[PDB]
Amino acid sequence: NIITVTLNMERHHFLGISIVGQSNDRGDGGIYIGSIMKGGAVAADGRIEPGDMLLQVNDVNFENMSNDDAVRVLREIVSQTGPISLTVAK
């Protein structure tokens, strides 16, 4: 199931999630949601839970990028102002 959420980054200053870098023989395993931190924008919603895979984060899709590159850009987006559109694969 594909879930697209929009988090309010006004009353929040962070996402509050751990990004798991799954790396198999090749390397392309995908980034999954690990631990959720209370007080974060993600914890304020609830649709996202430990195990969800991050596909697209605000237009950019990391489904065809390396685990490192994926979180690299992710952090850059979270380190900015504005509503964050998270597209997770459940």
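Over the Cα atoms of the chain, what Rg and Dmax result, in angstrom?
Rg, Dmax (Cα atoms, Å): 12.3, 41.
In the neighborhood of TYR32, defined by Cβ-to-Cβ distances under 14 Å, what is the net charge if each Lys or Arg adds +1 and each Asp or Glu adds -1? Display every interim value, and only then the final one.
Numbers: positive: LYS90; negative: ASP28, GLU49, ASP52, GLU63.
That sum, taken over residues with Cβ under 14 Å, equals -3.
Based on the Cβ-Cβ distance of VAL5 and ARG26, what FRET efficiency does E = 1/(1 + (r/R0)^6) give at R0 = 30 Å, to the nearest 0.05?
The computed FRET efficiency comes out at 0.55.
Output the relative contact order of the chain, whole-number percent, from Cα pairs under 8 angstrom with separation of 6+ residues.
After rounding, I find 39 percent.
Positive end of the charge dipole of the chain (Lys, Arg +1 and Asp, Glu -1 on Cβ, about the Cα centre): tell me which of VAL60, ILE31, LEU15 has its Cα farthest that way.
It is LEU15, whose Cα lies furthest towards the positive end.
If each residue's Cβ is checked for other Cβ atoms within 10 Å, how do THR87, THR4, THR81 rank with the fewest at the top?
Least crowded to most crowded, the residues run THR81, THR4, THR87.
In debye, nearest 20, what is the charge dipole magnitude of the chain about its Cα centre with +1 on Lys and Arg Cβ and -1 on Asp and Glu Cβ, if you could check?
So the dipole magnitude of the chain works out to roughly 280 debye.
In nm, to one decimal, how far is the modelled label at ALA43 from the one at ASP59, with both set 7 Å along Cα→Cβ?
3.1 nm
Using each residue's phi in segment 20-35, evaluate 6.51 cos²θ - 1.76 cosθ + 1.60 at θ = phi - 60° and report the 3J(HN,Hα) Karplus result to the nearest Hz, with x for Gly and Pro.
8, x, 6, 10, 8, 4, 6, x, 6, x, x, 9, 10, 7, x, 7
Angle check, please: helix 67-78 long axis (alpha carbons) against the longest principal axis of the chain (alpha carbons), in degrees 0 to 90, nearest 10.
10 degrees
FYI, it's all coordinate maths here, none of it is from the lab. Reconstructed Cβ throughout: ideal geometry from the backbone, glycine too, with neighbour counts over all protein chains shown.
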